[PDB]
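For reference, the structure discussed in these notes is given below.
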Amino acid sequence: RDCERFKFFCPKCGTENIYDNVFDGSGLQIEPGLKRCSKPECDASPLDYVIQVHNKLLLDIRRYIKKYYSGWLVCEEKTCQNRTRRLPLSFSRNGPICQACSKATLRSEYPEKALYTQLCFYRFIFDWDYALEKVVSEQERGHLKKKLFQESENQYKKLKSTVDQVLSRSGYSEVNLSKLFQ
Amino acid sequence: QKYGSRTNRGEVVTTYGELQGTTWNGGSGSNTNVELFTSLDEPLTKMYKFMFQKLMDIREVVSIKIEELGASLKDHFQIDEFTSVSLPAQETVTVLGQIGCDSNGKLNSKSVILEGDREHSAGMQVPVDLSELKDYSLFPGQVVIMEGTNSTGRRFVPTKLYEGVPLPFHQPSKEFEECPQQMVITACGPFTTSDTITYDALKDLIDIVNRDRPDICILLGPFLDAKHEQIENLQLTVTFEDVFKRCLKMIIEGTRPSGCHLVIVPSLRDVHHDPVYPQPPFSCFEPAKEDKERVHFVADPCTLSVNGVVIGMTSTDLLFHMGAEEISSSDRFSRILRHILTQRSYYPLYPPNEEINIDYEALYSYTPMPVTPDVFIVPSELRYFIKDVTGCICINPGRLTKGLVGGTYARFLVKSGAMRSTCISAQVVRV
Amino acid sequence: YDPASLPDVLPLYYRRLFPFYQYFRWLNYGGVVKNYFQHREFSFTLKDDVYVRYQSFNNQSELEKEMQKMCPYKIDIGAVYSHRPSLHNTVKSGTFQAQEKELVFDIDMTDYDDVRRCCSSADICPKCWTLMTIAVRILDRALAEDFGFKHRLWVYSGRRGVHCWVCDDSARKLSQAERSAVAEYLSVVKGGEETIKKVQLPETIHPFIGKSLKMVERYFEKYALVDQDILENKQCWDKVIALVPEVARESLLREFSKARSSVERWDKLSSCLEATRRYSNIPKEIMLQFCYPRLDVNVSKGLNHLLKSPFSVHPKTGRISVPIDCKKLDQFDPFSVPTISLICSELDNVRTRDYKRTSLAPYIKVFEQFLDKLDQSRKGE
Amino acid sequence: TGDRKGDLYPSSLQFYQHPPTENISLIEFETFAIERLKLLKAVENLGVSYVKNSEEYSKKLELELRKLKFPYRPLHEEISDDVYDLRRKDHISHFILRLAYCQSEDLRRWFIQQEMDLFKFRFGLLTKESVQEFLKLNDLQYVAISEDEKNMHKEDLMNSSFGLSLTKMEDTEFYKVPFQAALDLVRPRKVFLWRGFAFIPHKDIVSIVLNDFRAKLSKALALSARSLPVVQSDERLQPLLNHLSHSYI
Ligand SMILES: [Zn+2]
Ligand SMILES: [Zn+2]
Ligand SMILES: [Zn+2]
């Protein structure tokens, strides 16, 4: 609920398309989000410009990684709310001590969990199988589990591969069972 | 249009060392041995999991950096005891710490704070008053030792700022005593004009390489710039990986006649690569069997050994990053380069600039400078130069392309044991 | 025998008769396991009933010394602990644990009092000793056939009964639970003085019970029908009648009024029961209630149990706790067992062979054969 | 054996002795944990509602195992990739739940109970061949008396096992076990002992197997509770493991 949704500007009409789920609509009128533009007067299919969608996805991932590694810290005290990029070596039991008031802890503005959840959401908005099993209903699942959508399914799988690749390189997406069980 | 009709092709914009003929020729990488500098620490050669930094880990890494540099400096200067920075001091005491700014803006003489390490100061900070220091040069993240007094317990007044101590140079083995002088052509991205994606400057540089047949060609990123106007506005009809693959194929195949060892260094502006520093090497391209021994995908930063000559290189614009924060009492680039060499790190600035993502465990493991390099390649948006800083030849070849107009590259000759004149000659030349 | 003469004779015996060499061979078990003899618990009972435990010794010399010094009235052998008992105060609480001990059984004539007629309490006679003679055969056979224990030393307790030491390495490593299981498996006669019918066999006779009844039968006619005469008069055969269903009791009584011999009465009882089929095992239940051994599960369950040492001297009878040869069991006589006074008279009537001149020699010989078997097992293995 | 398989999962049933060594994803971790929690809760509910020998119990447990895709039936085909996957699931999920169910004695007991129940069911579904395979792979070495020795002790065996008929006995094969393992049988004298070995019939064998399993599992849980501090520092897995027992499924 706190994650940014995928914004893609239509190359033809230039209207923003917000993607938050694999599928849009209800009943037999349900189709993958990247099949039709959000503008009724626009006939352009974003699935045609999947190279552009891939590039925008990579740019967004870079933006979020940059946000995380900016390392912005804010004081948890309402009356201080000191915002600094510098992490001080002076720590209390709870974490870095704010050097403006010397009495409250500095919290990350964009913690690791935020970035992990953002990447997981970008994977979610392209997870065909998960959407079919969980999100979609029975009749909708039947309508979507036929031909006329195989190409869209393949493109969605390719797009999810990008987010999966990024998450495979995250220390927050792998669990080392050797370290747990010894 | 503007680039193709340039008239200053081949002009030598800067020169250093022994004068050479109007034409440079190399050995085509025949009697050449290129490897990564074999030091105690293992090099960065593969991706490391990132995006998971604990604040405690950052604290530990920064603290151990300060502690280790301070230990080396204490042994060198025969300092008896370090004192906690925060405690009051009526008499003169020696304090080890790192410099910083009391606010988020750019450092100035009235906003300097000294933060001590965990061992001697429990990480406490203290404001610094530079009124009694006659000469100084300070940048954030700089590990310093100062003699001073703290009469009020609230403001440290330095009276002496100990100078930096660079690492010793490399003592080459005799294995390469009989090897000839080696030619190195170094260029840095961007490689295409601001309004094109055709890599015309890269083609010209490849032609130069095949013409001069250098022994090593050091290409520093970006190879697919993230700030390229076409990239940002999403006008590209092909994926980023495809463009980068085409560029790398052009570079590798086009250099086949020259037989020149290619050293490819990634850049934080590479839109197709992992945005983290230290940057792992490129791994999306597999050279053909006939080019495997010629292509070296190295990490940013890199310390290379070429017949015993140690070349340090980084794609990061260190000079631009530190020039925006360095404060001095009264050549600025020479001061910054000496700071880099004396801090013994390829990125001593803390906090970093806004344009670089730093993983601090990887920074600790892969940014220490093993020795003081014979040549130090530091491309920058600032003007090209060839400087001699404490016996190290620091070369800024500029960038191959400067907006719509063509840029510059550099060519230098290195021989182990020459005369310390390991750099026979060096030249910044126009493309 | 004069028990006031006990304090006079005890030293000499402990000096020139107690077989220390073989005793150490036994408790040392061929030195295979280090600290085995050194971690063994002993307990001594001295004059005026003074009890001491957590006694341990370094080797045979120390044992001989401290024993000849103390002159104890009773010697009990206990468990082998994790450390030396002498230093149990020095061992951190909970770290002092009994780890190994022989599996031991105590059969005591006093536990048979409700079912014997010749003697009572601590009195024994030739007419009742056959019960022990039965027990040793019934139990030892099981221990040699059902459980496979190969090294079994039977010892006279000195007065009222017999002990068995089962010393196989496997039997010495048995947990408390395994010991309790072994004891319950061997145990049939269950109940106290408040229960009349103490054996209730099921329809199926477990092979062990069949073999115990087979062993009992060989002796039953002599022990119960001839010697004990468990059907001599009404006061006694009323019990056996009390052990069978009331339905035939009357039918039996008249028959027992016309019988002159208890063998005849047994024949009549067997015939009547056969005529009356679920009760076909009732005679077996009576035989078991009069012949099967009684076992105190508390004696054999606990690892930390201190039992009378072999070759001890009984504080009252003065007899020596001598090993019993299994083959010659039928010839064993608890009244001919050497007393300490007899063997001191024999000693003062004539170095490592002094005991061969007393009546103690054949019993030390049986013990030496048992130890030889143990040594053969330790080697061959 | 498609890409990255091996002989690591020979049989369906296992004693869960060797911890996994793989690197799995957080999503896989969570999915496996929740799925096995559902399986164990289903086992507990069916045990409360029905008699574990009942046919309703078996039918409902098979339905749950099929729904959650856990190994429950053998396959005399080979180690198919799908089968391998299922077995891997089982193996990892179990240990994950161990990490979840070792903090408190109560929890431990609960876990043990459910696991035992599941194991019993699975054993009950094993064909004799498969059963022997299992008994071999874990070095349980139960044979098993010869026919000739069985005839040798025919009468003793007949009188040992309660309610065993002559011909029916001829149709049954016994096993030789050290008497230290059959304490509960020997103590009430319901199994023949000869030369230190008890001759235990087969329906009963599961009991012995389960005893062994339980011992092992208890030990393992103790060790896991001893190795808890290393896991609490991993925030990612703390919300799950610390609260799995109170997770809505
Ligand atoms: Zn549109
Ligand atoms: Zn604050
Ligand atoms: Zn008598």
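For neighbour counting, all protein chains shown are included, and Cβ atoms are generated from backbone atoms with ideal geometry for every residue, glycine included. A short reminder: the numbers here are calculations on the coordinates, not readings from a lab.
From other protein chains only, count the Cβ atoms within 10 Å of every residue's Cβ in A:65-74, then give the mean. Please list the in-between numbers first.
Values: counts 6, 6, 1, 5, 12, 4, 8, 1, 1, 0.
For this peptide, the per-residue mean of nearby foreign Cβ atoms is 4.
Placing a label point 7 Å from the Cα of B:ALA288 along the Cα-to-Cβ line, the residues of the stretch B:239-255 whose backbone N sits under 16 Å from it are B:246-255.
How about the stretch C:1-85: which trypsin sites (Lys or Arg not before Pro) there lie in a loop by DSSP and see at most 11 other Cβ atoms within 10 Å? Present the calculation step by step, with values, prior to reporting the outcome.
Details: sites: C:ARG15, C:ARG16, C:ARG25, C:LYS34, C:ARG40, C:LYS47, C:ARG53, C:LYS65, C:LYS69, C:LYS74; in loops: C:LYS34, C:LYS47.
When the trypsin sites (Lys or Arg not before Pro) of the stretch C:1-85 are filtered for loop state and at most 11 Cβ neighbours within 10 Å, C:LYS34 remain.
Per residue, the convex hull spanned by the alpha carbons of the stretch C:263-303 comes to 67 Å³.
The protein assembly as shown gives an Rg/Rh value of 1.16, both radii derived from C-alpha positions and Rh following Kirkwood.
Restricting to DSSP H runs of at least four residues, report the calculated mean residue ellipticity at 222 nm for chain D, -39500 (n - 2.57) per run over all residues, nearest 500 deg cm²/dmol. Theoretical 222 nm ellipticity from helices: -17500 deg cm²/dmol. Where a ≥ b ≥ c are the square roots of the eigenvalues of the C-alpha gyration tensor, would you call the stretch C:207-291 rounded, which needs a/c under 1.5, or, failing that, prolate if a/b is larger than b/c, or oblate? Oblate shape, in that a/c is at least 1.5 and b/c is the bigger or equal ratio. Using the Karplus relation 6.51 cos²θ - 1.76 cosθ + 1.60 with θ = phi - 60°, the per-residue 3J(HN,Hα) values for the stretch C:141-155 come to 4, 3, 5, 8, 10, 7, 9, x, 6, 9, 10, 10, 10, 9, 9 Hz, with x marking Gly and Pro. Restriction of the GluC sites (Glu not before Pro) in the stretch C:137-237 to DSSP coil positions whose beta-carbon has at most 10 other beta-carbons within 10 angstrom yields C:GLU193, C:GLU194, C:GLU203. The C-alpha atoms of chain C occupy a region whose extents along the principal axes are 70, 48, 40 Å, arranged from largest to smallest.
Applied to the stretch B:14-22, the Karplus parametrisation 6.51 cos²θ - 1.76 cosθ + 1.60 on θ = phi - 60° returns per-residue 3J(HN,Hα) values of 8, 9, 7, x, 4, 5, 10, x, 5 Hz, with x for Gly and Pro.
For the stretch C:32-132, the alpha-carbon radius of gyration amounts to 1.45 times the rule-of-thumb value 2.2 N^0.38 Å expected for a compact globular protein. Inter-label distance, A:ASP129 to C:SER270: 8.1 nm, where each label sits 7 Å from its Cα along the C-beta direction.
For peptide C:206-212, the mean count of partner chain Cβ atoms within 10 Å of a residue's Cβ comes to 5. Converting phi to 3J(HN,Hα) with the Karplus coefficients 6.51, -1.76 and 1.60 and the offset θ = phi - 60°, the stretch C:109-116 yields 4, 4, 6, 9, 5, 5, 10, 10 Hz in sequence order, with x at every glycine or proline.
Assuming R0 = 30 Å, can you tell me the calculated FRET efficiency for the pair C:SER377 and D:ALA144, based on Cβ-Cβ distance, to the nearest 0.05? Provide the component values of the computation, followed by the final result.
On the way: r = 28 Å, r/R0 = 0.95.
The computed FRET efficiency comes out at 0.60.
Amide H contacts of A:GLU109: A:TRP72, A:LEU73, A:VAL74, each under 5 Å away and 5 or more positions distant or on a separate chain (H built 1.01 Å from N in the peptide plane; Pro and chain starts excluded).
The Cα atoms of chain B cover 70, 53, 40 Å along the three principal axes, with the biggest extent listed first. Here chain B carries DSSP beta bridges of which approximately 70% are antiparallel, counting only pairs with both residues inside.
Sorting B:340-351, B:200-211 by their mean Cβ neighbour count within 10 Å, with the most densely packed peptide first, gives B:340-351, B:200-211.
Expressed as a fraction of 2.2 N^0.38 Å, the C-alpha radius of gyration for chain D is 1.14.
Rg of the Cα atoms in the stretch A:1-146, relative to 2.2 N^0.38 Å, amounts to 1.43.
The GluC sites (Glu not before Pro) of the stretch B:101-156 that meet both conditions, a loop assignment by DSSP and at most 12 other Cβ atoms within 10 Å of the site Cβ, are B:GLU132.
Computed over neighbours whose Cβ is under 14 Å from that of B:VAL295, the net charge equals 0, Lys and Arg +1, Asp and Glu -1. Computed over chain C, the per-residue total of -39500 (n - 2.57) for DSSP H runs of n ≥ 4 gives a 222 nm mean residue ellipticity of -12500 deg cm²/dmol, rounded to 500.
Put simply, the amide H of B:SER345, placed in the peptide plane, has neighbours under 5 Å in B:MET369, leaving out anything fewer than 5 places away on its chain. A convex hull fitted around the alpha carbon atoms of the stretch B:55-161 yields 98 Å³ per residue.
Bridgeable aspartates and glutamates around A:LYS103 (alpha carbons under 12 Å apart, same-chain partners fewer than 8 residues away excluded): A:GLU76, A:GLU77. Note on B:181-187: average number of Cβ atoms from other chains within 10 Å of each residue's Cβ is 0.
For the listed residue pairs D:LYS60/D:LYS120; A:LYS12/A:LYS56; C:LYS197/C:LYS222; C:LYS198/C:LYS239, the alpha carbons are over 18 angstrom apart in C:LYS197/C:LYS222.
Indicate, rounded to the nearest 5 percent, the antiparallel portion of the DSSP beta bridges found entirely in the stretch B:55-161. Could the numbers behind the result be given before it?
Details: 18 of 19 bridges.
Expressed as a percentage, antiparallel bridges in the stretch B:55-161 total about 95.
Among DSSP beta bridges whose residues both lie in the protein assembly as shown, state the antiparallel percentage, nearest 5. That works out to approximately 85 percent antiparallel. Close amide H pairs (under 5 Å, H built 1.01 Å from N) link A:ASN17 with A:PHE8, A:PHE9, A:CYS10, residues at least 5 positions away or on another chain. Hey, how many Å between the Cα centroid of the stretch B:293-343 and the Cα centroid of the stretch B:122-190? The distance from the Cα centre of the stretch B:293-343 to that of the stretch B:122-190 comes to 13 Å.
What is the packing order of peptides D:212-223, B:89-100, taking the mean over residues of other C-beta atoms within 10 Å and listing the highest first? It would help to have the intermediate numbers written out before the result.
On the way: D:212-223: 15.3, B:89-100: 19.4.
With the highest mean Cβ count within 10 Å placed first, the list reads B:89-100, D:212-223.
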